[PDB]
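> fold the following, please.
(11 chains)
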Amino acid sequence: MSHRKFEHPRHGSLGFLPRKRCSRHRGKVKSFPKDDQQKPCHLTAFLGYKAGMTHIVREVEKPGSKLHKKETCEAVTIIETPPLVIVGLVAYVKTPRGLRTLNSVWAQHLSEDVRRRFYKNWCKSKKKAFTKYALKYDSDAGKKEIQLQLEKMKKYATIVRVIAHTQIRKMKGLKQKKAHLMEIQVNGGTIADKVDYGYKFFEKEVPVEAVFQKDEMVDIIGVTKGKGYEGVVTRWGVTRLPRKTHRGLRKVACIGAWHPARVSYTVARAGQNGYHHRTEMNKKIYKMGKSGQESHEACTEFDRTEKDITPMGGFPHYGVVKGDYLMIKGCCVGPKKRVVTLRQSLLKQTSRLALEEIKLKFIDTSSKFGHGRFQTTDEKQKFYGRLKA
Amino acid sequence: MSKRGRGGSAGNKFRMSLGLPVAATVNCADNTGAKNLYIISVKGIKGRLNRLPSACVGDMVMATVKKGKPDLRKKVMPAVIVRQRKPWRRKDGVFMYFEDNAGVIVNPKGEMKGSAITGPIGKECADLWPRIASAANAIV
RNA sequence: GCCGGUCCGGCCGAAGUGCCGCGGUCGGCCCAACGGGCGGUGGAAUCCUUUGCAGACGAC
RNA sequence: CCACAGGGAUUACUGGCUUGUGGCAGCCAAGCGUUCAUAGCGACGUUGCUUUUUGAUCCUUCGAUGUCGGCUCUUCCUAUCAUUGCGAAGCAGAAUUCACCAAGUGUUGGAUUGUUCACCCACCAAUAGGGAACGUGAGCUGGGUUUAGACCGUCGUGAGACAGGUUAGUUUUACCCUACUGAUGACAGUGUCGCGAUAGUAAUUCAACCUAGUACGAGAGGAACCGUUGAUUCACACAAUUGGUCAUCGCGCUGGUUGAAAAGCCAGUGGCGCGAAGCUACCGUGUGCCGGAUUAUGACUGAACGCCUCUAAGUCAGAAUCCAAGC
RNA sequence: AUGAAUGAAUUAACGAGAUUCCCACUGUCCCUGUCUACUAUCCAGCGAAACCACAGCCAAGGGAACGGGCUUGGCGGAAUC
RNA sequence: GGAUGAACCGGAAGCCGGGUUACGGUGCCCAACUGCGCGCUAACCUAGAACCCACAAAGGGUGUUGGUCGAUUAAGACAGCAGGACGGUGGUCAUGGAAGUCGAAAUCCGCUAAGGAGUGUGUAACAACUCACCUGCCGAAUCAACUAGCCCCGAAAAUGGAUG
RNA sequence: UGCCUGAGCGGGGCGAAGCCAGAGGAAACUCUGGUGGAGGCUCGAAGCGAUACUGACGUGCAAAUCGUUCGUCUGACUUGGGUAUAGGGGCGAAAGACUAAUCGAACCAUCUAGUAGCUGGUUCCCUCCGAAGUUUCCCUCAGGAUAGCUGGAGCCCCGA
RNA sequence: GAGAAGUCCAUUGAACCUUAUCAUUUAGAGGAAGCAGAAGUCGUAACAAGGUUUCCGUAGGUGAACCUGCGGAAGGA
RNA sequence: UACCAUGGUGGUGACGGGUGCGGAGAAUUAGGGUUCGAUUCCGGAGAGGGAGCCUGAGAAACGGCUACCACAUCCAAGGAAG
RNA sequence: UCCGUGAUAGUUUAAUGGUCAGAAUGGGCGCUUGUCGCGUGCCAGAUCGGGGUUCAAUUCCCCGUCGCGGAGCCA
RNA sequence: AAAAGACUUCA
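Numbering: from 1, shown residues only, chains lettered A, B, ... in the order given. Shown next is the structure:
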């Protein structure tokens, strides 16, 4: 050996380490899908805030196995994804020291949004008329400065990127009023056309509906829920130590061997847990829509039935969804009311995975827990109530 | 390559949480004459450090006869798990559980070693082992 | 004639960084890269208070 | 039953030297394998490598190096058990047998025994071996060993003794430095968004279906590649559902108490019985890749040596491994 | 290398005595979770000891053959919780 | 001086100053040569007197250089490619069977310019093709053998790579 | 450990002596109901003891403590006070147990500044020369002893 | 005036599980040697006053058949 | 079933246990007894095990129900069904 | 495994001073006796294996195989 | 008033 003996896989990953506070509260992508499609109408990412979880029934697809064709449940995360202001076009250069931004062209209108951008972001909580953000030049003197910058940019072939922010007062459950700034790359066809489309995209907002199609495979990036500080069992998934009693209980035995007389970095030790960056890949985007006013929702008998995307009474500790929304398959990183960023899937084959969509039957809507379903149930509850309902 | 062989199934089709570990005692769902089994092993699990092999609905098992046929007390014989008290989650999304934990004792051919069943079988087991299924009075 | 700051602009430069030219002006044949002043002319954040998506304190 | 002065001047003991012993290898190849040294098996003899058994020594400690075994937890080697790619066969399939490259990931759960070791049982793809002060007591455990009590056997006149067996028989310390995990944190003209030198690693494997009752085969039996499904194992994450909890809060029922019902108290830190948001896992539920360069090897073009030759100058492919892809 | 008052055998009752089996049961275990309490943490106040020749990075090597420091290599923004 | 280093080398030391040296060293770290003439190695062999410390053997190697000796050569070699071989007689033994081609005699000649009773492939056995020798085409060295150097091979270990 | 003299043991369970009735037998004595209650008896309070977590504590609350568990609890019991027996002696249901935190021989003071071939330490400068780790003896090998190795101080004038 | 489904109290008063025990069929913890076949060993008891006359209660004790102490008997000299 | 009395029975066998229907009768044997007790005649009893009920003059019902259990059966597998 | 302690005929077991070896039982042969047995006369060893010393070794040393006893702490 | 024991099976 030496020992022992009866030997195990080692608990809790090393590619998911350091298990440590993330530097900022809002996730940050180090790489993007490739330019293999349409021009910078294709913004390479979008953002929202996680509302909770709901659930869906869908008409499926596969055929190889025993259960088939037909209705299934699959689990859903709801995100409120209001339209986000692409404020400015950022010009990145390839250099042999990495990318370097050159100059940035700005819309005429961010204007509570830059005051929110000056709130941690910069600091001191926005009361009588401050921080300050610089004003625009005289119009077409400043537009010729900008269009001379466009000239250099669109001759020397900049790898085009966008500054965008979340106009947060379109969410309700964070009762908070502050903008969240991000760097999103713009990807597409040829580089001149790519600058042109990015220019025509900063001089007006962008919704989810212009970057992601329903069913599409999206990589979702967030920062985990924080615990605080923890021991090894709930921070790396190590065993409790068993006897009835013991002068150490949830403990590692040795944090090394006699040699190495120095505790290795790879040993499972206590510390902070949660608030970790993560990219979680290949999420099938089951619906995008709006409370209304886009759809409709679902249909009367049948396909399947009308359900506003909230559980009634609201998503616990969030709120009521009532705006633009994104239903994403399964888990999505974070708590509830945290910035989550969505990016087109990185793994270009490009393939299966998903392909075909998948009739929305139920959303869930609930109405359940002692009562339900909506409409006829609410009528039935009101009959038994009757002065407090 | 594998020392042989067969048994380890096909895609079940559903999700089961393991309910019967090593040394668990279990109903015999046939009339072979066995009438209480003891589970020793599962055809196809691999475990780890300090932890019991546990078995579930649809596993092909070896079990030994704690009560039961003359061919049986204290023979060690193959078996299939037909019912379990710990919930199973279907593709639809319903959870099913049974009253009892039960298996049938099986031939190396995968047929029952008894003439007839007792109690229901989950259809999921019946799919997998169709010569257990074609003795089954009720399928759920 | 030959050089040195300059007004006004372009090319590597994609930053830091530089150079080189159409028409003239202050000049020739100490202090560049840093600075340290006596002087003229000219155009924010921590805290606080209440909270948390955050949290042992601090931090966010 | 001990005590004292000392000694690592000298033992047990860990370490170090050695490496006879042990483990593994090469060479040679008598010989056996129907015939055939080299599919396989392989003696005598012979040269080595390892340092992980044993022995030897007495360098280190006796103003003190905590013992065996176990557990958990990190890391490694390769002489590779499986998995990848290979070559040969006494490789018809096909189970296989031997061997090459190769350490990425796996290498289990139990019955007896303190055991290490080992025996046994079902498993498995297979359930590899070897180091890290026999890794691991300022972690644990405390069964053996190894105090003081006692029995038996053997020996002894006896006290008492045994590498003879047995029952009982204790586990101290508040971390100064250092190490890492995790949180803070000046200089500099500012906050924020970023880049990315570089640092860590994430996917492993199985079953079954398509193919096909085909190939191959007298027959018996019984394959492959993709294409499909699912699950063992690992990782990250969320909590719609199912499952736990639920010492917010509201109900049944005591005993005793506030005169009495009514409304309350105490009986644990919830009297007991019944159940939620949040947190969580019963594997709850969601999410895990082509290209480039190589090894062994199989080839192309090809001389030295007019021929032949896979390589020597050049080149085409080729591993779960390397780089990238990617966090 | 059993053996008869160094007592042999045998044996009901008794036992915080030694070993083993079964049913009942169960968080010991699969495999961990939530929850209470007092600690912890932070605040005011009170206020200690052990210990201390020593400055105090890692990998190798060397050396009385088990280096925080020699030697060569490699790393390190202090301070503080 | 030897990376470090009780006992290896130089050297035996009052203190200081200057000069020149010893051992050993002269690409940088590090003063001082990227010194000269020549030759071998391409494995990163390899930067090493000595050392518990620097390993590498028996045995093997058309890697490469070098030395030598014998024989064969323009009375034409070595190799390759191409071309010639009738008859005695289907060679005597032995044996289902050799009959060129299991095993074992025996290897001569007529007829001939060359032309062995034959080198490897055969079918149960019977069935054909090549080849000894000789010749052309080609044109220059070839082959045998001793000896030696270096390198290569044998060559697997444990926290991380080095001759400091 | 003994002696003297006091004191303490909720409550419950089981049911020995033997005798009544009812009943049998010639007697002997027997059956069934029943009464009464014996006990180093049982389950357990005051009280005693101290098995287990091999827990908590382990510079403690404590120089052996705390919590929960467990044993005894009318007896060879427990316990207050008055009180015997004193150091190779006492006391011991005998373990080398116990004799004021001290027991295979108490504590105190003295002899006493024991004695140690063993460990440790032994305090100002400089100069000239400069070691031995070998040999015999020795109850001798961790020492002595006697040369061997040294060094000073004097006296004199060969030697490879 | 009749009085459906029906719900309650009381009673006769099923069947599974709670006893606890007895019985039967059984097997069986572990263990004693009662008879037997002929093909065994040990001694020679009893069998003739059996070479110590038999038998008997009783205890002791012996390889065992048995022996003997005490008392009794004649199925005994 | 209330209340009051504590009883009543058994050495002529009570209470209890086991038993490979009771009578009319069968078989024997010269007679006496032994044996046998049954299918038939007669009376009683039970209809898979057990309790209860309606109906009807009469049932506590093999060819009625209720319905627990035991066990077969039908299934368009809901429920019936003996 | 260390210190102690032995061996002699088929079997159990005496013995010496260096020159000399026994017993009992068992067994082999007769006699008892009709025949066995009880009894009665008669008989018969390389002193464990092994080497050395000496005039002469069963006897005196050294080794070894076996069978015995007795020790083997403080873990 | 006695030293002293045995003596295969079926016929």
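> can you name the residues of chain A sitting close to chain B?
Residues of chain A lying near chain B by C-beta under 8 Å from any C-beta of the partner chain: A:6-9, A:65-67, A:71-73, A:239. To be clear about C-beta, it is placed using only N, CA and C from the backbone, and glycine gets the same treatment.
> ok, which pair from these is furthest apart?
For the residues of chain A next to chain B, the farthest-apart pair by C-beta to C-beta is A:6 and A:71; their separation is 47.0 Å.
> near RNA strand C, anything from stretch A:85-95?
Yes. Stretch A:85-95 lies within reach of RNA strand C by C-beta under 7 Å from any atom of the strand, at A:93, A:95.
> element containing residue 69, please.
You didn't pick a chain, so chain A it is. Assessed by DSSP states H and E, residue A:69 sits outside every helix and strand.
> can you look at chain B instead?
Judged by DSSP H and E, residue B:69 forms part of no helix or strand.
> does the residue nearest to residue A:382 when sequence neighbours are not counted count as helix, strand or coil?
Nearest residue to residue A:382, sequence neighbours excluded (C-beta to C-beta, 6 or more residues apart in numbering or on different chains): residue A:389, at 5.4 Å. Here residue A:389 is recorded as coil under DSSP: H, G, I helix; E, B strand; the rest coil.
> and residue A:389, how many neighbours?
9 (other C-beta atoms under 10 Å in any protein chain shown).
> what about it, distance to residue A:134?
Residue A:389 sits 55 Å away from residue A:134, taking C-beta to C-beta, to the nearest Å as the criterion.
> repeat that for residue B:137.
Plainly put, residue B:137 is 83 Å away from residue A:134 if you go by C-beta to C-beta.
> these two: who's more crowded?
residue B:137 (10 against 7).
> OK, contacts around the nearest residue to the more buried one once chain neighbours are set aside?
Computed as C-beta to C-beta, 6+ apart, the closest residue to residue B:137 that is not its neighbour in sequence is residue B:117, at 5.3 Å. Applying C-beta atoms under 8 Å, 6 or more residues apart in numbering or on different chains, we find residue B:117 in contact with B:29-30, B:82, B:104, B:135-137.
> output the residues of chain A next to chain B as a markdown table; include the columns neighbour count and secondary structure.
Converted to a markdown table, the residues of chain A next to chain B look like this (neighbours: other C-beta atoms under 10 Å in any protein chain shown; DSSP: H, G, I helix; E, B strand; the rest coil):
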| residue | neighbour count | secondary structure |
| --- | --- | --- |
| A:6 | 8 | coil |
| A:7 | 10 | coil |
| A:8 | 11 | coil |
| A:9 | 6 | coil |
| A:65 | 12 | coil |
| A:66 | 14 | coil |
| A:67 | 16 | coil |
| A:71 | 15 | coil |
| A:72 | 20 | strand |
| A:73 | 17 | strand |
| A:239 | 13 | coil |
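> mind naming the longest helix for chain B?
If you go by DSSP state H, chain B has its longest helix at helix B:123-128.
> show residues contacting it.
Contacts of helix B:123-128 (C-beta under 8 Å, 6+ apart): A:66, B:9-10, B:12-14, B:57-58, B:80-82, B:88, B:132-133, B:136, B:139-140.
> switch the cut-off to 6 Å
With C-beta atoms under 6 Å, 6 or more residues apart in numbering or on different chains as the test, helix B:123-128 has contacts from A:66, B:9, B:12, B:14, B:58, B:82, B:133, B:136, B:139.
> how about stretch A:23-43?
By C-beta under 6 Å, 6+ apart, the list of residues contacting stretch A:23-43 reads A:44, A:180, A:184-189, A:193-194, A:197-198, A:211, A:221-223, A:339, A:341, A:344, A:346.
> how far does that stretch stretch from start to finish?
End-to-end distance of stretch A:23-43 (C-alpha to C-alpha, to the nearest Å): 25 Å.
> isn't residue A:267 right up against residue A:255?
Yes. In this structure residue A:267 lies within contact range of residue A:255 using C-beta atoms under 6 Å: 5.0 Å.
> for chain B, longest strand please?
Ranked by residue count, the top strand of chain B under DSSP state E comes out as strand B:76-83.
> does any bit of it sit next to RNA strand D?
Yes. Counting by C-beta under 7 Å from any atom of the strand, RNA strand D has neighbours in strand B:76-83: residue B:76.
> what about the spatially most central residue of chain B, distance to residue B:102?
The centre of chain B sits closest to residue B:81, judged by C-alpha atoms, centre = their mean, with a distance of 1.4 Å. For residue B:81, the distance to residue B:102 (C-beta to C-beta) stands at 8 Å.
> still on that earlier bit, just the residues of chain A next to chain B now: which is nearest RNA strand F?
residue A:7 (15.4 Å; C-beta to the nearest atom of the strand).
> for the contacts of helix B:123-128, which one is nearest RNA strand E?
residue B:58 (17.8 Å).
> tell me the backbone dihedrals of that closest one, please.
phi 100, psi -20 (degrees, to the nearest 10).
> ok, residues contacting stretch A:71-86?
Residues contacting stretch A:71-86 (C-beta under 6 Å, 6+ apart): A:47-57, A:60, A:162, A:164-167, A:170-171, A:201-202, A:205-208, A:309, A:321, A:323-324, A:326-328, A:330, A:332, B:93.
> can I get it in CSV? Just the C-alpha atoms.
What follows is stretch A:71-86, C-alpha atoms only, in CSV (Å, rounded to 0.1, in the frame of the first residue of the first chain):
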residue,chain,number,x,y,z
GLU,A,71,-47.5,14.7,-22.0
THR,A,72,-44.6,15.1,-19.5
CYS,A,73,-43.7,17.3,-16.6
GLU,A,74,-40.1,18.8,-16.5
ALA,A,75,-39.1,21.3,-13.9
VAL,A,76,-38.8,25.1,-14.6
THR,A,77,-36.9,28.2,-13.2
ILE,A,78,-38.7,31.5,-13.7
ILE,A,79,-36.5,34.6,-14.4
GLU,A,80,-37.9,38.2,-14.8
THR,A,81,-36.0,39.4,-17.9
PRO,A,82,-37.2,43.0,-18.6
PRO,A,83,-35.7,44.8,-21.6
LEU,A,84,-32.2,45.9,-21.1
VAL,A,85,-30.5,49.1,-22.3
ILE,A,86,-27.6,48.5,-24.6
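> let me know whether that stretch sits next to RNA strand D.
Yes. Under the criterion of C-beta under 7 Å from any atom of the strand, RNA strand D is reached by stretch A:71-86 at A:73-77.
> what's the longest strand of chain B packed up against?
strand B:60-65, strand B:102-105 (3 or more C-beta pairs under 6 Å, 6 or more residues apart in numbering or on different chains; DSSP states H and E).
> for RNA strand C, find the nearest of the ones you listed.
That would be strand B:60-65 among the helices and strands packed on strand B:76-83, by C-beta to the nearest atom of the strand, at 44.9 Å.
> do you know how far the residue lying closest to residue A:207 once chain neighbours are set aside is from residue A:340?
With C-beta to C-beta, 6+ apart as the criterion, residue A:207 has its nearest non-adjacent residue at 4.2 Å, and that residue is residue A:83. Relative to residue A:340, residue A:83 is positioned 16 Å away (C-beta to C-beta).
> have a look at the two and say which one is more surrounded.
Set residue A:83 next to residue A:340 and count neighbours by other C-beta under 10 Å: residue A:340 wins out with 24 against 18.
> so what's the more buried one closest to, chain neighbours aside?
Per C-beta to C-beta, 6+ apart, closest to residue A:340 is residue A:222, 4.5 Å.
> and what of residue B:22?
residue B:52 (5.2 Å).
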